[PDB]
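Here is the structure we will look at.
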Amino acid sequence: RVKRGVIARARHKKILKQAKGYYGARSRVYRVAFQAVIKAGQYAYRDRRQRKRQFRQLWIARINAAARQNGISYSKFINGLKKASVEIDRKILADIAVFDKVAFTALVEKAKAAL
Amino acid sequence: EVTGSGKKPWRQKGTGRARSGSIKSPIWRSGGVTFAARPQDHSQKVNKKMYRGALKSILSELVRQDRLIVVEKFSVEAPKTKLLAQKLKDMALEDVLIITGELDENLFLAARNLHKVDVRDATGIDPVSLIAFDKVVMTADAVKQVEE
RNA sequence: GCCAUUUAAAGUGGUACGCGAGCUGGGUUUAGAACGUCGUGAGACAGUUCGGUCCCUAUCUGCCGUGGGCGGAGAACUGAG
RNA sequence: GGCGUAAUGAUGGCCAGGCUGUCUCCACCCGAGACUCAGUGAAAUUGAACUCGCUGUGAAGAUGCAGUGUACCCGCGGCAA
RNA sequence: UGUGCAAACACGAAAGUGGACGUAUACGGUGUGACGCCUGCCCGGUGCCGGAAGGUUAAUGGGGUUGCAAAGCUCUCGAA
RNA sequence: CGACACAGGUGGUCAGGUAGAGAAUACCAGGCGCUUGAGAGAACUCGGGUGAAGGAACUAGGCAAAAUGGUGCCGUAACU
RNA sequence: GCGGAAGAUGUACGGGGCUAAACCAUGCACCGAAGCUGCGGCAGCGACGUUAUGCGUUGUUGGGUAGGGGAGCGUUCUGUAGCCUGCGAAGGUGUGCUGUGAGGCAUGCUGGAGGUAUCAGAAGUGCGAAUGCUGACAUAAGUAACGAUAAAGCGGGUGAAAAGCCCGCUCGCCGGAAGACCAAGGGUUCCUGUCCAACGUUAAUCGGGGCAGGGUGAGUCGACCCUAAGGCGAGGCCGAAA
RNA sequence: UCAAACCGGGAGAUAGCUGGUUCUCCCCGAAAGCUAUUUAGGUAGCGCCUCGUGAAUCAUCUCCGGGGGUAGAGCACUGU
RNA sequence: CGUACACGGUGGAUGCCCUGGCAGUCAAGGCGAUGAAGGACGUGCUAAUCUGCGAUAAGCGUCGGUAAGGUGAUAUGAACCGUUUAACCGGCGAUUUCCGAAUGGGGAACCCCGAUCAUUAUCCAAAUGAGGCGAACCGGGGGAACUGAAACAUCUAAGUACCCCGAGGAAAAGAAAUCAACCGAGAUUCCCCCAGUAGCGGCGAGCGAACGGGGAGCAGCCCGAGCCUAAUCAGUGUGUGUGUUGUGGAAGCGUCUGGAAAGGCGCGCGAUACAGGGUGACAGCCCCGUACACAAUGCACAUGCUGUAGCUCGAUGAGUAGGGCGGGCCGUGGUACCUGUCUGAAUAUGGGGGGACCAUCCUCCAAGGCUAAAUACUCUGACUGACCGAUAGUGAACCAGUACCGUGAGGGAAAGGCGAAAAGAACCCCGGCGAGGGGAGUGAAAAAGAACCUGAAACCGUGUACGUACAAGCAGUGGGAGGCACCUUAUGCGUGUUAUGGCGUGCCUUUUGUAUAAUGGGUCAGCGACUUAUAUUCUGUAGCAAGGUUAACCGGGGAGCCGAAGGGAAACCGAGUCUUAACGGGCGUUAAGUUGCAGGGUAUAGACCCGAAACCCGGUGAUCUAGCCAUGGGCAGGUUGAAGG
Numbered sequence: 002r003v004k005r006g007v008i009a010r011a012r013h014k015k016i017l018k019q020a021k022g023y024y025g026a027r028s029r030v031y032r033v034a035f036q037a038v039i040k041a042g043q044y045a046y047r048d049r050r051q052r053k054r055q056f057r058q059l060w061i062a063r064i065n066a067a068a069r070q071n072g073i074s075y076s077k078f079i080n081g082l083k084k085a086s087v088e089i090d091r092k093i094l095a096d097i098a099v100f101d102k103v104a105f106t107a108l109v110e111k112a113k114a115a116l
Numbered sequence: 051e052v053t054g055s056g057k058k059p060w061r062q063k064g065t066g067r068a069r070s071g072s073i074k075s076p077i078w079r080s081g082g083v084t085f086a087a088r089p090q091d092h093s094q095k096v097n098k099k100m101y102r103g104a105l106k107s108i109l110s111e112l113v114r115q116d117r118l119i120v121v122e123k124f125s126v127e128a129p130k131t132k133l134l135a136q137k138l139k140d141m142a143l144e145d146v147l148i149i150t151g152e153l154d155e156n157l158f159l160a161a162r163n164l165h166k167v168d169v170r171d172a173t174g175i176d177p178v179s180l181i182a183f184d185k186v187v188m189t190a191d192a193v194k195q196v197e198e
């Protein structure tokens with residue numbers, strides 16, 4: 002009796018339409034959805050965030066690569082940046098001492114000094 | 051009442067059958083509700099005193115200033131409807147159409163057209179007609195009949 | 001397993017006791033019947049015996065062979081493995 | 001019901017003569033086709049992905065687990081794991 | 001093996017009916033099942049049938065007890 | 001008739017049309033071509049016709065196949 | 001540490017490879033968890049204050065199948081207030097924005113007739129997973145199949161087309177039979193003319209196909225009539241009666 | 001269609017038998033014993049999830065006042 | 001060939017509409033041997049269906065109404081009729097072939113007659129009845145099972161299903177040898193209550209009244225005689241309240257959009273008449289219709305009246321009451337009712353009854369009979385419905401109970417809509433071609449062309465964006481590099497898509513464990529699975545408060561129920577009560593509940609859906625086949641060759 006309405010036949014859509022990176026099926030069909038996207042929302046339910054503290058392997062494992070060229074490295078390279086000056090955080094840093102033959106030394110001579 | 055064995059040959063089990071319509075059978079539209087307590091359809095956790103008590107409290111809502119007003123019995127006589135709109139205008143309560151309307155004796159037809167008017171008699175007036183959207187208006191004989 | 005005539009030798013074990021979408025069916029677990037045993041009995045008895053059906057135009061994959069193209073083509077050759 | 005028994009019985013087992021592929025092993029041919037071409041044109045059958053190989057492991061013989069290596073595309077025919 | 005028949009035997013709730021448009025050199029109910037040789041030991045334990053001292057075998061009526069009635073208890077007498 | 005223009009099933013009469021041992025093959029009369037096509041000398045069956053030598057050795061069983069298999073004369077056992 | 005130790009299409013610790021880039025006895029610094037600590041955003045329970053389960057502060061802070069509890073939005077119709085619309089709505093497609101979400105909302109195209117918000121009540125209310133029910137559809141396949149009455153062929157005619165419509169010749173099949181006459185049954189399917197969209201497992205100017213007409217004129221043919229096994233109705237007799 | 005007809009009818013027969021049972025999010029988060037029940041893959045009073053009410057001060061991870069006698073040990077019934 | 005989209009198609013969902021259903025309500029209610037219902041078959045110039053009739057065949061006649069238009073649904077061609085006023089609407093009359101329950105007899109519609117039973121009987125069928133049909137309801141008889149008792153033989157389902165006979169529009173019952181709180185009630189049914197009490201029951205499960213009270217409706221009378229006339233009977237006249245149709249009936253207004261408004265916007269109006277429909281798109285004030293008015297018919301239930309006709313006296317029904325035996329049935333208990341066999345009274349100076357038997361009170365008197373009124377269903381007519389909407393709803397809004405299936409009983413679909421009108425594809429080209437369309441035309445809001453509104457998904461074709469014949473697989477995410485393509489969301493800000501690299505074993509139940517060689521699904525949409533009375537026990541909210549709430553039926557009631565003091569077997573007491581000479585103890589007590597709507601749960605009852613074989617009843621069938629019977633037909637011929645003579 003009650004005409005289905007904007008529910009069902011309105012559910013096949015509003016879904017399937019969001020997978021800009023769909024697959025063969027899992028987008029053309031619905032029975033392939035709500036099971037392919039069910040993994041979505043989860044699988045990494047609230048984890049992308051993994052990268053941070055994950056791929057961050059470098060930036061703290063390249064800092065020595067930046068150094069070990071104009072003196073010591075990692076060991077007493079970060080144990081000097083917090084000694085003098087305002088002490089700059091290590092984010093954009095330890096990532097710039099690779100894509101530019103400059104600034105990387107603007108931290109080595111900073112360190113090794115006032116040690 | 052069960053049907054027992056007989057009638058038409060075919061393996062079938064005990065199932066609610068009312069006018070060839072299934073009921074009281076949990077696994078069928080309008081069937082037994084195993085999880086009892088709430089034998090009906092979605093209402094609200096809720097009367098003997100709220101329904102009736104209100105049926106009384108409402109009758110008291112009339113004796114309030116910012117409310118309705120009692121009209122003489124001659125009101126039921128008015129055959130036309132325009133006369134009502136007038137008696138409601140001069141009454142300074144033409145905005146009562148924005149409310150509703152009632153009376154006594156028989157159903158006052160001559161007002162069943164006026165804005166918001168669910169005609170009803172003082173005899174059987176559930177809290178409903180008593181005040182459409184917490185507001186109303188009645189007549190003389192009506193009040194007396196409602197008193198009891 | 002009785003056994004016969006030969007054989008210089010004429011071992012053994014696994015492959016879901018390899019192998020029935022390859023075969024054969026002769027055997028066992030159907031409708032008849034015969035027999036013993038059990039039963040009063042129908043009938044019964046992983047007791048026996050005579051007669052008794054075992055299917056499919058493989059799509060994919062694998063392998064055995066044969067070709068078309070791709071690295072511009074005809075002809076003649078070489079050739080790791 | 002025991003014993004035994006002419007003629008007959010598409011009944012069960014067995015031996016001889018003659019003969020025969022039934023077998024030890026097997027060539028082609030004939031009719032109607034298969035392979036290709038015009039026209040006419042269904043029905044069965046599929047969770048997804050899918051070209052693996054060598055070892056190891058696993059209920060100790062899985063392509064799909066683990067470690068490496070490797071893997072050109074398509075198509076025709078078969079015997080079919 | 002049963003039966004001379006309004007029989008045995010069988011069918012139907014009943015009314016009626018099959019076998020009888022028959023009748024025992026009949027018909028119904030069964031075993032064996034040909035032909036040939038045949039054919040020996042026991043009835044202690046079923047079914048059917050016949051006879052049968054004694055034992056077993058209801059209720060009514062009858063007798064005794066019980067109770068100014070009645071329950072109840074009990075005796076006696078018993079076809080096929 | 002069988003769901004269909006399904007090689008299934010379905011009564012009677014014509015059994016002297018011509019050649020032989022006959023209502024058997026070939027052939028007048030009569031009827032019909034209404035049981036999808038075209039090209040190439042594979043592997044690959046079902047149907048089919050038998051093989052040099054041996055010959056059932058196959059096999060549950062010679063299943064299958066084959067063989068004797070017209071007519072006339074001679075001759076013909078056990079058993080009953 | 002070793003002898004006691006033979007078997008399966010190419011053999012090695014994950015590999016390279018390492019006298020330690022092994023192993024054994026220890027130790028230190030790092031990478032490395034959604035771990036621990038720090039910055040911006042929670043839940044449940046309990047405590048304090050409170051009418052409050054509203055806030056503020058405080059202790060514990062946050063994995064989960066079966067199962068328990070709770071919130072939620074899509075939805076229809078009928079209240080009361082109050083609006084939008086052919087300077088165009090609902091619905092549909094694509095897209096932007098917002099909410100933890102369930103969703104709301106906007107734009108463009110289209111549609112082109114009505115459709116909502118607040119508070120309130122309501123409904124047979126919101127759904128991918130019964131060898132589920134019904135209809136439709138894809139891949140599979142343009143793959144499988146057409147076989148004792150195995151006969152057609154060479155010219156010609158007609159036609160816009162003719163390998164199977166028609167003519168001639170030649171070549172064959174059947175003969176108790178595909179011949180002739182009939183029962184049952186089927187039933188006009190018979191004949192003529194005009195056509196073919198539909199039927200004929202190809203095509204067809206052909207048809208037992210489609211359409212329109214015509215055809216089956218008996219006293220002696222058959223029906224009609226009667227009867228056999230047998231059956232029925234009426235009277236007679238049985239709770240009652242078909 | 002028969003170790004038992006077909007159709008419809010009194011069946012949406014009865015089953016301690018199988019399967020089935022579809023929207024989002026948040027919090028917490030098992031067990032496999034006893035008595036009785038036509039009861040044992042079922043409930044009720046109870047061992048265990050959750051919610052409301054009621055009462056009231058321990059409990060136990062500790063300590064303190066009792067009961068058991070197993071491992072082990074020693075050496076011990078009995079029988080070697 | 002992967003994926004997205006674009007244009008077109010397939011398909012048909014969806015949105016809207018719907019001349020249909022479903023449900024409720026009021027009114028009304030039988031037909032026929034003067035041969036009906038139903039069916040068969042005719043009939044219109046053409047008509048194949050449906051409907052109407054029926055051979056004066058979708059028609060004839062009269063009266064009344066009505067009206068110019070008409071000749072059914074199909075708006076076609078031809079053509080007719082009407083003012084000698086038709087069509088149409090209502091009533092009535094005439095006619096009404098043959099067959100047909102027909103019954104003379106036979107018979108699958110065809111041929112010849114009152115057949116059969118029965119009454120009266122001038123016994124001549126001469127005069128009459130029965131023999132059929134019809135939705136349910138009603139009365140009198142016969143009478144299960146599965147099932148429940150989670151076994152089952154009582155019991156339960158049942159006195160139901162089904163069967164036999166019969167009446168009416170209504171039946172059955174009934175005037176008390178009753179009831180039995182009483183110096184009382186007092187015909188019988190039905191509704192409510194009394195009771196879920198008394199009672200019954202392996203007293204297990206379950207089963208289950210009545211008296212009375214409150215209502216609806218009220219009516220009492222007849223069988224021997226005497227006498228005389230208003231009960232009754234026979235007959236006559238003959239209604240008030242009506243049925244259908246037509247008459248007295250107001251009303252396009254303005255602007256804008258459009259082909260057209262029943263649009264938007266502005267204004268006004270009807271209402272003892274605030275249903276709905278139609279008219280070119282949502283008009284209560286356009287048309288019909290709704291309240292209303294009038295005339296044609298049927299019914300006329302009743303009453304009036306004529307002739308009959310009061311009234312009076314006595315009595316009152318034996319194989320019955322009752323008893324015994326064997327059963328059925330009931331709530332029926334030794335104390336219901338009825339059937340069958342046997343036995344068998346008295347008699348009102350008598351007898352029966354008051355739920356046990358027998359003597360003593362009260363009531364009432366059988367063994368004869370009749371009797372109005374008070375509810376049912378729903379074919380038919382009308383109305384309504386917060387019902388459904390054409391895979392919805394009745395199977396049927398389209399030929400439907402039709403297509404079609406089965407020997408038969410029986411079973412049983414699908415198919416809606418162009419629009420203002422008509423269009424529904426003219427003309428031209430191509431081609432073998434009325435079977436493949438460019439083009440073009442049709443259009444409104446037909447993002448229209450013969451199953452035509454809108455018109456999605458699965459899906460197909462072309463085309464576009466982008467990968468793509470070394471390529472490893474959930475096919476993401478974050479970081480950093482590449483290019484290409486687009487700048488209707490200008491801002492170092494994004495998309496389509498992709499090369500390469502680091503990771504990554506569909507979804508759903510069963511199970512201790514399932515990604516798993518456990519089970520289910522090819523995909524899609526729709527469909528598809530937790531309710532209607534009451535009773536009991538708790539919980540959340542709220543009014544009021546030892547008072548509270550009613551039920552039938554009335555805005556009135558308070559019956560009755562629960563609570564207020566309890567406890568006990570009871571008597572009985574009372575601060576309870578059991579135990580108890582007595583005493584002493586056990587348990588309970590100084591004020592809150594009741595009445596609904598909801599939320600936990602519980603019992604009686606089709607109370608989890610679908611899913612396997614049985615059982616029982618009434619019917620349909622042996623053109624298959626099995627056996628028998630009746631009537632016909634068939635068996636080239638050969639071989640061997642007895643008895644007998």
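Keeping their order, the protein sequence lines are chains BO and BC.
Each residue of the first sequence is one higher than the one before, starting from 2 at the first, in the authors' numbering.
Each residue of the second sequence is one higher than the one before, starting from 51 at the first, in the authors' numbering.
Every residue gets a Cβ at the ideal spot worked out from N, C-alpha and C, and that includes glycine.
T65 of chain BC is positioned such that its CB atom lies no closer than 8 Å to that of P76 of chain BC.
Cα atoms of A20 of chain BO and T106 of chain BO: separation of roughly 46 Å, rounded to the nearest angstrom.
Approximately 15 Å separates the beta-carbon atoms of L147 of chain BC and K130 of chain BC; this is outside 8 Å, ruling out the contact. Rounded to the nearest whole angstrom, the CA to CA distance from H13 of chain BO to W60 of chain BC is 40 Å. DSSP places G71 of chain BC within a strand segment (E or B) once states are collapsed to three. Per the coordinates, the alpha-carbon of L94 of chain BO lies some 37 Å from the alpha-carbon of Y23 of chain BO.
When rounded, the separation of the alpha-carbon atoms in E155 of chain BC and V3 of chain BO is 41 Å. Under the three-state reduction of DSSP output, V187 of chain BC falls in the coil class, being neither helix nor strand.
With respect to the 8 Å criterion, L82 of chain BO and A112 of chain BO are classified as neighbours on the basis of their beta carbons.
Scanning its chain for C-beta atoms nearer than 7 Å, with the 5 sequence neighbours on each side dropped, one finds around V120 of chain BC the residues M188, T189, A190, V193, in chain order. In this structure, BO:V99 is the residue among BO:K92, BO:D90, BO:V99, BO:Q58 with its C-alpha nearest to the C-alpha of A66 of chain BO. Note that the C-beta distance between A160 of chain BC and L143 of chain BC is not below 8 Å. Across the structure, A85 of chain BO and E110 of chain BO are spaced so that their CA atoms are roughly 12 Å apart. When the beta-carbon positions are compared, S125 of chain BC and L105 of chain BC stay at least 8 Å from each other. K123 of chain BC is positioned such that its CB atom lies no closer than 8 Å to that of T150 of chain BC. The criterion of a C-beta distance shorter than 8 Å is not satisfied by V196 of chain BC and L138 of chain BC.
The shortest C-alpha to C-alpha distance from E198 of chain BC to any of BC:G174, BC:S179, BC:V169 is the one to BC:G174.
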